[PDB]
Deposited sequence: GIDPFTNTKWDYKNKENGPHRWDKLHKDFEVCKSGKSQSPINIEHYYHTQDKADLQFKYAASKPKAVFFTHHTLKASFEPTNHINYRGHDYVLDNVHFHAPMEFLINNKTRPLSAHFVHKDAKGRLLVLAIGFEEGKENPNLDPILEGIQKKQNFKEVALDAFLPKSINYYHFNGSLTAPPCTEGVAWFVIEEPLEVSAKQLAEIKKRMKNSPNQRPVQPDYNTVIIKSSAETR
């Protein structure tokens, strides 16, 4: 009944076989992740993050995750989408014109009506990322998460309609995928891939039906 990553029937091809809830994992017409390659060039995104000690930092459902009480928000089209948690994927699930990065993080948001907004940004092999240390460094009175420092000040982003990359693979997801990589050290990566128990948590690319993707740019602060 427990779902997972690799080849065996408890696999990617067969999420839908695992539960009737995960049917859309097969039946859905806007499933993510995908390889983002045809888009239109052309913003109404606004940021309310604050430095916060997590509510919980825990590995759950195959992934490392940090949760927060809802003090942090994202504003889209005059609507506020509140941050509930932040989790990690390795390697990066969404591909930008065939572009994997060893790590990505996903900011999960919901609005008043319960509509979903999710932010993805990839990581590069590079200098050490300090914003990572409160998550790994510390397990227990929790340590600050640099939410205001986490994201680039300036970003190019892709916006499109897709789906959840983990069950129930729910559609109607507002996806924002930042083109700008953040940078992480190599042992932070090894340690964190080992803390995600070193089994790749990258959902294979989903079918593409000429999704409308836009590319844009914003200030996050």
Exercise. Show which contiguous pieces of the deposited sequence have no C-alpha coordinates, counting from residue 1.
Key: 1-7, 50-52, 151-153
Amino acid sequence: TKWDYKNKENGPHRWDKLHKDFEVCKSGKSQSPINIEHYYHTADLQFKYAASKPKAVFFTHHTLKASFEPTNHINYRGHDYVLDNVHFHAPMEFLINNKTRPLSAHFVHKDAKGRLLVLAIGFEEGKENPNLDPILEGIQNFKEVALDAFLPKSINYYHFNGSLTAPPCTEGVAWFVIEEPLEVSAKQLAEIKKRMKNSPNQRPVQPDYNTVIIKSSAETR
From here on, numbers count along this sequence of modelled residues.
Quiz item: Quick one: is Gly138 left out in at least a third of the other entries we compared?
Solution: yes
Quiz prompt | Unresolved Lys26 in a third or more of other entries flanked by modelled residues | solution = no
Quiz item: Of the two stretches 131-139 and 147-155, which shows the higher Cα B-factor on average in the entry?
Solution: 131-139
Exercise. Using only the Cα atoms and their B-factors as the entry lists them, report which of 50-58 and 166-174 averages higher.
Key: 50-58
Practice problem: Specify which of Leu45, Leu182, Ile36, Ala186 carries the largest Cα B factor in the deposited PDB entry. | Solution: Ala186
Quiz item: Between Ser27, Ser67, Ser30, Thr63, which carries the biggest CA temperature factor in the record?
Solution: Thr63
Quiz item: Can you tell me which third, lowest, middle or highest, the CA B-factor of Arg14 falls into for its chain?
Solution: highest
Quiz prompt | CA B-factor placement of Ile121, once the chain's modelled residues are sorted into thirds | solution = lowest
Exercise. Using the B-factor values recorded in the entry, state whether the Cα atom of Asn198 falls in the lowest, middle or highest third among the modelled residues of its chain.
Key: highest
Quiz item: Where does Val86 sit by CA temperature factor within its chain: lowest, middle or highest third?
Solution: middle
Quiz prompt | For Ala105, the third of its chain into which the C-alpha B factor falls | solution = lowest
